Amino acid sequence: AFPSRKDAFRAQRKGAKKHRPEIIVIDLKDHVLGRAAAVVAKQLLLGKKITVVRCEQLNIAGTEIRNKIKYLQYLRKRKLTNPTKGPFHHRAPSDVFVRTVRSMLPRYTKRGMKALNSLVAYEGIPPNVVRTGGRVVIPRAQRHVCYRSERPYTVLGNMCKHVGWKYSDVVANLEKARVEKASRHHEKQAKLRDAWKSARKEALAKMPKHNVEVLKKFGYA
Amino acid sequence: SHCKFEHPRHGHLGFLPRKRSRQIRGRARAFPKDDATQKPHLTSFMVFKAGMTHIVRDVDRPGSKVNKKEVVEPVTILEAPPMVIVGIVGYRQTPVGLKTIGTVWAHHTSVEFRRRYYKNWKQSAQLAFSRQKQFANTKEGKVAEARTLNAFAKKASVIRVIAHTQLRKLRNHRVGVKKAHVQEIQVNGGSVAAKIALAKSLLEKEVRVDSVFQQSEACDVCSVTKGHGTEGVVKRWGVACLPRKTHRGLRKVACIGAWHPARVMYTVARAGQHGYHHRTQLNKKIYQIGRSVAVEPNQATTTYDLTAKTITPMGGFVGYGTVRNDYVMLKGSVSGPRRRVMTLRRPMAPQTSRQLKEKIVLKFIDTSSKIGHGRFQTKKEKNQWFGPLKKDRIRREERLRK
Amino acid sequence: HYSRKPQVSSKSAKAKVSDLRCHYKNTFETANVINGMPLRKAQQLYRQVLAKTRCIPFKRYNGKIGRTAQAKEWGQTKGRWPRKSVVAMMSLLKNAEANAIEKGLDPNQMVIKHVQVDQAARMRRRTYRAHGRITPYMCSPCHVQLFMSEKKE
RNA sequence: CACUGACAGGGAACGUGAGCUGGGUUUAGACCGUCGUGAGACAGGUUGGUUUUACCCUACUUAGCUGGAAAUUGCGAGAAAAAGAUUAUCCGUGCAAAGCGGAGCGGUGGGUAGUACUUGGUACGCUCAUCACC
RNA sequence: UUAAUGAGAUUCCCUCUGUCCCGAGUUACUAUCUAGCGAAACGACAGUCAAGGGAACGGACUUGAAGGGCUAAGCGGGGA
RNA sequence: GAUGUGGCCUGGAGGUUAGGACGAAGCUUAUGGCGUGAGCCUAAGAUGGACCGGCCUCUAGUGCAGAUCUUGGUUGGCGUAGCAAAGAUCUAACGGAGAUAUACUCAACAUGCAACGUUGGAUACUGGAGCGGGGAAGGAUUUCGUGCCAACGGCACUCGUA
RNA sequence: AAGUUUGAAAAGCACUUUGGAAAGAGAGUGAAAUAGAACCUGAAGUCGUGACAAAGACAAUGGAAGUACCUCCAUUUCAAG
Ligand SMILES: [K+]
Ligand SMILES: [Mg+2]
Ligand SMILES: [Mg+2]
Ligand SMILES: [Mg+2]
Ligand SMILES: [Mg+2]
Ligand SMILES: [Mg+2]
Ligand SMILES: [Mg+2]
Ligand SMILES: [Mg+2]
Ligand SMILES: [Mg+2]
Ligand SMILES: [Mg+2]
Ligand SMILES: [Mg+2]
Ligand SMILES: [Mg+2]
Ligand SMILES: [Mg+2]
Ligand SMILES: [Mg+2]
Ligand SMILES: [Mg+2]
Ligand SMILES: [Mg+2]
Ligand code: NA
Ligand code: NA
């Protein structure tokens, strides 16, 4: 939504700074779909603002064929007398996640609508989110603690591209360029990181001794 | 209970809704797949329909009982004055679709192009593109053009040019419009840099139809059908009429549904708009790409018929007039009436069948009158049948007294 | 006694008509459109409606009337051209103008400030229907009141 | 009986009468057989016998106008966006290493001679002419 | 049993044809838009669907799916 | 379904005690207060204009949401359905309040429309089993002249069997 | 079917101005014209107008508990209290 000229005029008249609300960014790679949705819905009802990234890397238990058949069963539901009114079946992974969350909220009530409107979802990590701070995970909903390793599992983007999503290659190319850029920058910052590490290692000789003793006693040596 | 006897349903459900088209021009909804190996080239052109006629040719088709024999085929004539290129656009891919990056405008534009931004051009201040025109030539405007061309080079995957028609060159008296028609034409072939180079070379210049299409290929046609207003179910959908003794009228559908579902379904035929729909039509073979009459008067003369004549029939195309520019001759019919603007597009389907690969050589083109039952091919032929008439005798007796 | 009072009585003119034999629903729409207008503008509009170059917008009592382009200037798609109501409202405006002149005010400065149309008592005729039935055929007349004030430049 | 590759079976208030038709069935008239003293009867035959209303809501088909992200409010600030004295020179480069760079020459009208284009209308070289930016 | 007669009931043949294959074009009066005039019937409240259970065929109840507001011409699925 | 209630309310009678032109009854309400409730009481009327409240006894044609209830009045549908058999009018002048009806600016069009009686002219219809001319039954002033145009002549009227 | 029940008294609206007229705007009588001729009082239902409150599609109405804004209402307190 483009801001209106009245908003721009008011912001100029007030002369304030650039405001950003408190937002949590969740990296959804290798998370269990239902458990992540169940946690996110409760936090939205408690009043947080949440953005999820990398929705194409969610996981579902079972084989890809079984999960694809479940989706096709969903797709065949259709209002016979007028399909422009019947259920709308979204095929992108972020829309799949949003529907799963919407089903765990009181959608008809306004409170539920506010909670649902406080969530934003993406495939991959977009450039307006990349630099906003460290991402988070949900420990009670991660695959390596939720599934027994010997069983098969599904990857949501792979399931979605066979039922109709048509942007898998675009997302893959974008993620490749993203990871290359971030890696080059990380390597470029190594001299700075090492200089700060050395400075902390060496200030222990120039500080007073009785402070160093307190550091050692509390285990910060 | 099941129906006693069965038949296929009436009408195609993939052409719904039967509503009026959003615009009057034909617009290509998709372009043929880009093959980076080829040389960069344009993929469409705009033309105007001017009547139809018929031709004679010999057929080259082994195995057919018509092999090496003469057939008569009806054709459509479409007038094609050159288009002018005024801008360049580029698109980038996103997880939600294609997005426009920017536009590079030409340094000068035509009055006919600029008329397209007004409803009353004559009684206005006529200031379109004046600020852009003066800003684009300073030091900063050049920098901005360089920036946007570099953004095309870095991030674009699709390149299109903005082009428009030339009604002043069309010179037709029944096409009332004076503001140009504008459309994007995609550039296919080569790499992104080669596409940009071609599009920048042909900026502010004009393009002929013969540089987009060749004589014996095929094309797709995008256009809007003729309108008929509100139509009843018998004409709109082709359902059967009821018996003579039916109370309350015969041109109806007798039963519009069962008790359950307690609803009327979207599959039942009802009265409404018919015509004025957009359609894309598939394999139209080009039979002739004709030069302008001012350049070559013998437009309809063939190798077998040595009579000198033009493509315009005696008495003119009914409701249209004379064809004065370059033109294209297509086999068969196209949607829409005379005087409507249509889009030719390079084909999508495979072009490997024998009928599509055949080479076409015309032997006779008909130029008799389309008013009545025309029986003369030229005015000289008519003058040979009738000798001098009374009007001529009077003219030659009153133009000699002086 | 009108349902509203002018702010300054000395700079105002009144007019009224009772049991007028014009349709209440047509006169309602015809009179309500001039409410905020200057007097000369209202008179020009009525002349142009008689000439059929502009229309009266029908906003409340408009169930299944025709659509017209001349309603676009009022933000509507439905309007008509009721001549019987228009001529009666022209007469009422002339009376109010005469009252203002006699009080010594300048008619080129008056602004209409109050307009109100009401249903009056009905008259009865009858119509004859199939199988020997008789059914009502009634007339619906109206009361109209208005006042205008001098604007202060 | 004939054609065909083929002449499968079913459901939708035994789909479908303000959609039709009205041959049958199911009023009053009349004839026959059987039955009944009789008036009359027959899950027996026969012939003749008014098919009413939509302008309301929804559904469906097409056809117009118009608000709106706190889905009409809060001032309640989230860009599939750019990167930097806290987003306050310009290109090039990899969120590099280096390398550039910062009167003039633009929009308009007047002469002046050649060219290009589908050939009446636009550009282009000089030349003043008013406005310009920097 | 019967010639003649019948707005009586039945079957076949010739002629003929928009009854039909299979629909198309045209006219006059409507409908449609305007000026004037101006009713009735009906009217608990209302009026988007799927499945469930229920006086075992829901607009209102349970769980899901939809649904921005206001309008013109039609139409006969539902309003048992 | 039974019963109780110094339980509530309405018209009239016997007693008693009060109020009213410094405003009775009736009516109106984002007028509060009291009562579990039926209800009672106060406030304001920029409402009204002559009667009437409490308490104890007596008396009854004594309390309404519905009966396809009775009578009066309203109302959505609705400016909707429609006002489509009997072919048809046009033109000028005169008449009439029925016009050629205007704020700036503006020659005239784009800002007073629509409709009427009479005379002349034109064009058609009835077509002698006639929208011709006389009578019976039935009706009873509808007949004639001058005016008038509120109602009536399902549109209109300067006209009329009004 | 239908109270003629305007007012104490017709004192039943002279005169000016707009209009073809009906009427309107002023002026006047009367204690009162929101007592102006079928004229005391003048309810409900329905409708017009001005101001204000909001408000998606959740039919509307309804219960409970708060809050925002208003309040021609009531009551209590203002200094030793
Ligand atoms: K109508
Ligand atoms: Mg047409
Ligand atoms: Mg019939
Ligand atoms: Mg012809
Ligand atoms: Mg209608
Ligand atoms: Mg009748
Ligand atoms: Mg009768
Ligand atoms: Mg129905
Ligand atoms: Mg119908
Ligand atoms: Mg009683
Ligand atoms: Mg009652
Ligand atoms: Mg009619
Ligand atoms: Mg007729
Ligand atoms: Mg005749
Ligand atoms: Mg009349
Ligand atoms: Mg009274
Ligand atoms: Na017997
Ligand atoms: Na009594």
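Side chains are part of it too, since the values below use all heavy atoms of this structure and drop only hydrogens, waters and symmetry mates. In what follows, chains carry the letters A, B, and so on, assigned in the order in which the sequence lines appear, proteins first and then strands, with residues in each chain numbered from 1.
Between the side chain of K78(C) and the backbone N or O of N62(C) there is at least one donor-acceptor pair closer than 3.5 Å. A donor-acceptor pair is defined here as one N or O able to donate and one able to accept, closer than 3.5 Å; such a pair exists between the side chain of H143(C) and the backbone of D19(C).
Separating the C1' atom of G147(F) from that of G160(F) is a span of 14 Å, rounded to the nearest Å. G79(F) and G49(F) have their P atoms separated by 41 Å, given to the nearest Å. The separation of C157(F) from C152(F), taken at their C1' atoms, amounts to 14 Å, rounded to a whole angstrom. One P atom belongs to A59(G), the other to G59(E), and the distance between them is 15 Å to the nearest Å. Across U16(F) and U75(G), the matching P atoms stand 39 Å from one another, rounded to whole Å.
Interface remark: the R18(B) side chain does not form any donor-acceptor pair with the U61(D) base, using a distance-only criterion of under 3.5 Å. Below the 3.5 angstrom threshold, one finds no donor paired with an acceptor across the side chain of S1(B) and the base of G11(D). A donor-acceptor contact under 3.5 Å is not formed by the side chain of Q134(B) with the base of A132(D).
For the pair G8(E) and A9(E), the rule of 5.5 Å between ring centres and 30° between base planes classifies them as stacked. The six-membered base rings of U130(D) and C131(D) sit with centres under 5.5 Å apart and planes under 30 degrees, so these neighbours stack. With a ring-centre distance below 5.5 Å and an interplanar angle below 30°, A25(G) is stacked on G24(G).
Its glycosidic angle being within 90° of 0, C7(D) falls on the syn side. Glycosidic conformation at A69(D) (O4'-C1'-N9-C4 for purines, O4'-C1'-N1-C2 for pyrimidines): syn, within 90° of 0.
One interatomic measurement links the two molecules: CZ of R21(C) to P of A150(F), which rounds to 10 Å at whole-angstrom precision. Rounded to whole Å, the distance from CZ on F28(C) to P on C47(G) is 12 Å. Atom P of nucleotide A69(D) and atom CG of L116(A) are separated by 17 Å, given to the nearest angstrom. Rounded to whole angstrom, the span from the CZ atom of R133(C) across to the P atom of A40(E) amounts to 9 Å. Put simply, CZ on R80(C) is 10 Å from P on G79(F), counting in whole angstrom units. The nearest whole Å value for the distance from the NE2 atom in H260(B) to the P atom in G58(E) is 8 Å. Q273(B) places its CD atom 8 Å from the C1' atom of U62(D), with the value rounded to the nearest Å. Whole-Å rounding puts the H89(A) NE2 to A66(E) P distance at 9 Å.
Looking at heavy atoms from C-beta onward, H274(B) lies out of side-chain contact with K235(B) at the 4.5 angstrom threshold. Proximity of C142(C) to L20(C): side-chain heavy atoms (C-beta onward) are separated by under 4.5 Å at one or more points.
The phosphate of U93(D) (OP1 or OP2) has a side-chain N or O of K154(B) nearer than 4.0 angstrom. Distances shorter than 4.0 Å separate some side-chain N or O of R263(B) from OP1 or OP2 on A50(E). Residue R125(C) has a polar side-chain atom (N or O) positioned under 4.0 Å from OP1 or OP2 of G38(E).
Between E97(C) and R40(C), at least one side-chain nitrogen of the basic residue sits less than 4.0 Å from a carboxylate oxygen of the acidic one, meeting the salt-bridge criterion.
The bases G64(E) and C49(E) are paired, Watson-Crick or G-U wobble, with both atom distances under 3.5 Å. Using the rule of two distances under 3.5 Å, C42(E) and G76(F) count as a Watson-Crick or G-U wobble pair. The bases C73(G) and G28(G) are not paired as Watson-Crick or G-U wobble with both atom distances under 3.5 Å. Nucleotide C117(D) is annotated as paired to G121(D) [Watson-Crick or G-U wobble, both distances under 3.5 Å]. Nucleotide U80(F) is annotated as unpaired relative to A115(F) [Watson-Crick or G-U wobble, both distances under 3.5 Å].
Residue contacts shown for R248(B) are limited to sugar-phosphate atoms, with no base heavy atom under 4.0 Å away. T230(B) comes within contact range of no nucleotide atom at all, as no heavy-atom separation falls under 4.0 Å. When heavy atoms are screened at a 4.0 angstrom cut-off, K49(A) is found touching base atoms of the nucleic acid. Using a 4.0 Å heavy-atom cutoff across all strands shown, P136(C) reaches sugar-phosphate atoms only and no base atom. Using a 4.0 Å heavy-atom cutoff across all strands shown, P82(C) reaches sugar-phosphate atoms only and no base atom. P17(B) comes within contact range of the sugar-phosphate backbone alone, with a heavy-atom separation under 4.0 Å but no base atom that close. Residue-level contact check: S118(A) touches the bases, meaning some heavy atom is under 4.0 Å from a base atom. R251(B) comes within 4.0 angstrom of the backbone, heavy atoms only, and of no base. Among the protein residues, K78(C) comes within range of the sugar-phosphate backbone only, with heavy atoms under 4.0 Å from sugar or phosphate atoms but none that close to a base. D7(A) comes within 4.0 angstrom of nothing in the nucleic acid, heavy atoms only. Using a 4.0 Å heavy-atom distance criterion, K235(B) is classed as a sugar-phosphate-only contact. Note on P38(C): nothing from the nucleic acid sits closer than 4.0 angstrom, heavy atoms only. Here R83(C) lies in heavy-atom contact (under 4.0 Å) with a base. Using a 4.0 Å heavy-atom cutoff across all strands shown, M138(C) reaches sugar-phosphate atoms only and no base atom.
If you find the closest nucleotide of RNA chain E to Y74(A) and to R129(C), the one lying nearer the 5' end belongs to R129(C). Along RNA chain E, the nucleotide nearest to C22(C) and the one nearest to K64(C) differ in position, and the one closer to the 5' end is contacted by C22(C).
With a 6.0 Å cutoff to the six-membered ring centre and a 45° limit on the axis angle, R18(B) counts as a cation-pi contact of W237(B).
Between the side chains of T81(A) and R263(B), at least one donor N or O sits under 3.5 Å from an acceptor N or O.
Side-chain atoms of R67(C) lie closest to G64(D) of the nucleotides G64(D), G112(F), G77(E). Candidate nucleotides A80(D), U118(D), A40(E) were compared by shortest atom distance to the side chain of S292(B), and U118(D) ranks first. For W259(B), whose side chain is taken as the heavy atoms from C-beta onward, the closest listed nucleotide among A13(D), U118(D), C90(D) is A13(D). Ranking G24(G), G112(F), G15(D) by closeness to the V87(C) side chain, first place goes to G112(F). Closest to the side chain of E206(B), out of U118(D), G64(D), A69(D), is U118(D). The nucleotide whose nearest atom lies closest to any side-chain atom of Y24(C) is, among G48(G), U111(F), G38(E), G48(G).
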Item to check | Step-by-step side-chain contact (heavy atoms from CB on, under 4.5 Å) determination, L170(B) to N325(B) | outcome: CA-CA 7 Å; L170(B) 188 59; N325(B) 301 109; 4.0 Å; yes

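Between the CZ atom in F28(C) and the CZ atom in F58(C) there is a gap of 10.5 Å [rounded to 0.5 Å].
With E123(A) as the fixed residue, the side chain to side chain contact (heavy atoms under 4.5 Å, CB included) test singles out one of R54(A), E175(A), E56(A): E56(A).
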